[PDB]
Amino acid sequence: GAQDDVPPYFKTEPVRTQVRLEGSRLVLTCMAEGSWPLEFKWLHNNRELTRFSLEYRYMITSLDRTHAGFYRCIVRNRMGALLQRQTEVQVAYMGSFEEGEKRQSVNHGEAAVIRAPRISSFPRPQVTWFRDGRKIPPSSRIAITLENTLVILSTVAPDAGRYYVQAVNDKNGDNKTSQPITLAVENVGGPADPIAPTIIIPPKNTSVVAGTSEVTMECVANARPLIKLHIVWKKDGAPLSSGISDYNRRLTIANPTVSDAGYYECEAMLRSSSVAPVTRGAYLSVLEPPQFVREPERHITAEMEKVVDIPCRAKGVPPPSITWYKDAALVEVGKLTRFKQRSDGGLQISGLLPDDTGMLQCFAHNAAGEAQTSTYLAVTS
């Protein structure tokens, strides 16, 4: 036949996540190819936003937090339709510190744990601790946790005054200062007797998606005298001699994969001492986004009234769920329908009608991501 019948496809897929500034102009794109004319239609959180249009771009003139969320387009032409992989638009912003001043106490020789003041913001801001206008960096006796929690180890009388933070939003440059947390050190000035080692900030069960550059476990401990305090990290019972930083309070695993998943434990102990060591540990879980193992031929031809199977096999951690679309419409695979979904993921269509012709598209989804693959089904006479 004289006319072109190249079905729609995506030249490129959109980013999974993108942070954009409040009030900026946002231009989402459907980078689709296929025989002309191609029409485009947009979804926001799976609710229709626009009607089919020749325009492949969706433009938001000024972006606010209401317009955040998931976007995906549907593209069609004479052949059929495809559903795009969605992108999450995240609107950067920052408010102001609203909690107000706080008062906190700690006993001599114990550690003061001061959570950082909460501020509404995206992304999470860069937090710096201050006291008396001077920055408070990590040291032998001062820890700062992955959550910007200040931990003052083996507190003494001078460790008392007003502590506050500075928050900087690296996307919009905003710079705000919190209300102080006032710290009191009590029962000051006894004999500086030794205090047995305790773990104040224990390892957290941690998840990370493969492809992430780094994952960190954290363990903050207290003892008196601090100079004798020693932190040892263990994987599978054997001490780790690499990847440790930040006064032994951190363990870094570079480019983690499932091989690095398992139980990591932290042991706090005192050198030249008879005191018992204390151990706390957690599980590192590594997720893998869906990857196709088998994708269908881009074209499948089957005879009318016959049966056809369309393969779709994907791997992932956790094992991904599989969803079928016919021209961007969810396929209903309930009984009393000609459509059955295989255990290996494949879609089986029986009693083929000529209307079954068109794009069949398969999504593999899990918490770590989504992948899509498709084929043109032609039902011949």
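We number the residues from 1 along the sequence you see.
- Averaged over Cα atoms, the B-factor as recorded in the entry is higher for 350-358 than for the other of 350-358 and 37-45.
- Mean C-alpha B-factor is higher over 101-109 than over the other stretch, the pair under comparison being 101-109 and 80-88.
- Of the residues listed, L336, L54, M31, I60, the entry assigns the biggest Cα temperature factor to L336.
- The top Cα temperature factor in the record, among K204, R249, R271, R124, falls on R271.
- Annotation for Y283: CA B-factor lies in the lowest third of the chain's modelled residues.
- The PDB entry assigns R162 a C-alpha temperature factor belonging to the highest third of its chain's modelled residues.
- Split the chain's modelled residues into thirds by C-alpha temperature factor. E370 is in the lowest one.
- Among all modelled residues in this chain, the alpha-carbon of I114 has a temperature factor (C-alpha) in the highest third.
- Among the modelled residues of the chain, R313 sits in the middle third by CA temperature factor in this PDB entry.
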